[PDB]
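*Asks:* Give me a model of this one.
(one chain, ligands or ions: 4)
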Amino acid sequence: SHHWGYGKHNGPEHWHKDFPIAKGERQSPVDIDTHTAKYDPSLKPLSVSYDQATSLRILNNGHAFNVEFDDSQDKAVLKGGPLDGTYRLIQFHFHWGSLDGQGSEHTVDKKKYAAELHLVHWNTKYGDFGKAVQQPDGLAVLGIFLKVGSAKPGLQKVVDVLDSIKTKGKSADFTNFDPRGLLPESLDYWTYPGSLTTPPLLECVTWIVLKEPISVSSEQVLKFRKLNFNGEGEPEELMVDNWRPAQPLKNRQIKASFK
Ligand SMILES: NS(=O)(=O)CCNC(=O)/C(Cc1ccc(O)c(Br)c1)=N/O
Ligand SMILES: NS(=O)(=O)CCNC(=O)/C(Cc1ccc(O)c(Br)c1)=N/O
Ligand SMILES: NS(=O)(=O)CCNC(=O)/C(Cc1ccc(O)c(Br)c1)=N/O
Ligand SMILES: [Zn+2]
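*Replies:* Numbering: from 1, shown residues only. Ligands and ions are numbered 1, 2, ... in the order given. Sure, the structure comes next:
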């Protein structure tokens, strides 16, 4: 069974032994070199249609916490930009650091943000998530960087439930949460073809990384850092530094939606 994590003994440098696609040709995350990305005037505007989103539950899975959505119909979808067709929101989660100077998975001119939010969507032409992850255009992940500054009010409901899911395997109801409150003002983005950033590291993702970070407060990110990787009644290991570092770009181009 799955024994991957973020520690010295089971972290990103070990993943390749069970998941050899870790050394593949379209791995994520990557550094976004802002002076090598090309503005692509053909990209359409991005369409984030989250008005009918139905959040269900929040779960600590021992790697991060996921907010799960009802993806049984086109309720919260991503379209446009580099995408063909319609991608359904299934879950969001974050990656974060032990300190404010690290935590993001993508970097921008080698800059690491405190955290990174991933909104994971799957291509409806493949009918379910499991089938989608087997296709090179199966997922669209919207990535949003977090910096520490002013509080993000649309994050606070998430921060306030984290005490109820401290350890691995704990879940809680999380209905009526509006993921629109996690977005920045601008939808300017970079895009590139890549992979899941966790095992099984499948090369099925169109990445859409927003240029504008959102600001969260030090108190809000502190609460992320109080979570635990371990299960109840096990030795406490704080859930921090659950990020994969940047991977080789290889033969890929990162495109910008903006000049
Ligand atoms: N290539 S990988 O999937 O990242 C990591 C594979 N390594 C392992 O299974 C182990 C032994 C291990 C044993 C029991 C556990 O409960 C955990 Br956790 C890990 N490393 O010490
Ligand atoms: N950081 S991320 O790129 O957004 C990747 C977030 N990780 C994932 O969704 C998973 C869970 C997963 C669940 C069911 C599956 O069939 C497959 Br495959 C993966 N990795 O195991
Ligand atoms: N050698 S591989 O292709 O990476 C094995 C591929 N495994 C799968 O698609 C899965 C889904 C999965 C879910 C969560 C995980 O954490 C991992 Br890992 C894998 N089996 O459950
Ligand atoms: Zn992620």
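*Asks:* Near ligand 2, which residues of this structure are found?
*Replies:* Residues of the chain found near ligand 2 (Cβ under 6 Å from any ligand atom) are 118, 120, 130, 133, 141, 196-200, 202. C-beta: built from backbone N, CA, C; applies to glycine.
*Asks:* Name only those of those residues that count as buried.
*Replies:* In those, burial by neighbour count holds for 118, 120, 133, 141, 196-199, 202, counting by 16 or more other Cβ atoms under 10 Å.
*Asks:* okay, those in JSON lines with distance to ligand 1 and secondary structure next?
*Replies:* Below are these laid out as JSON lines (distance: Cβ to the nearest ligand atom, whole Å; DSSP: H, G, I helix; E, B strand; the rest coil):
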{"residue": "118", "distance to ligand 1": "20", "secondary structure": "strand"}
{"residue": "120", "distance to ligand 1": "21", "secondary structure": "strand"}
{"residue": "133", "distance to ligand 1": "18", "secondary structure": "coil"}
{"residue": "141", "distance to ligand 1": "21", "secondary structure": "strand"}
{"residue": "196", "distance to ligand 1": "14", "secondary structure": "coil"}
{"residue": "197", "distance to ligand 1": "14", "secondary structure": "coil"}
{"residue": "198", "distance to ligand 1": "10", "secondary structure": "coil"}
{"residue": "199", "distance to ligand 1": "6", "secondary structure": "coil"}
{"residue": "202", "distance to ligand 1": "15", "secondary structure": "coil"}
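*Asks:* ok, of those residues, which one's closest to residue 110?
*Replies:* For those, the closest approach to residue 110 (Cβ to Cβ) belongs to residue 197, at 17.4 Å.
*Asks:* Can you name the residues bridging to residue 143?
*Replies:* With beta bridges defined as DSSP bridges, residue 143 has these partners: residue 118, residue 209.
*Asks:* Mind telling me what element the closest residue to ligand 3 within the chain is part of?
*Replies:* Residue nearest to ligand 3 within the chain: residue 200 (2.9 Å; Cβ to the nearest ligand atom). Taking DSSP states H and E as the definition, one finds residue 200 inside no helix or strand.
*Asks:* returning to that earlier point: now, among the buried ones among the residues of the chain next to ligand 2, which is nearest to residue 256?
*Replies:* residue 141 (17.3 Å).
*Asks:* Quick check: the gap between the closest one and residue 237.
*Replies:* Residue 141 is 26 Å from residue 237, where distance means Cβ to Cβ, to the nearest Å.
*Asks:* again with residue 258
*Replies:* Look at residue 258 and residue 237: by Cβ to Cβ, they are 40 Å apart.
*Asks:* again, but for residue 9
*Replies:* Distance from residue 9 to residue 237, by Cβ to Cβ: 12 Å.
*Asks:* So which residues on the chain come close to ligand 3?
*Replies:* 2, 19, 199-200.
*Asks:* circling back: neighbour count for residue 9 and residue 237, which is higher?
*Replies:* The neighbour comparison of residue 9 against residue 237 (other Cβ atoms under 10 Å) goes to residue 237, with 14 against 8.
*Asks:* distance of the closest residue to residue 3 other than its chain neighbours from residue 63?
*Replies:* Leaving aside its chain neighbours, residue 3 sits nearest to residue 10 (5.7 Å; criterion: Cβ to Cβ, 6 or more residues apart in numbering). Applying Cβ to Cβ, the value for residue 10 to residue 63 is 11 Å.
*Asks:* Just name the closest of the residues of the chain next to ligand 3 to residue 49, please.
*Replies:* Using Cβ to Cβ, the residues of the chain next to ligand 3 come closest to residue 49 at residue 200, 28.9 Å.
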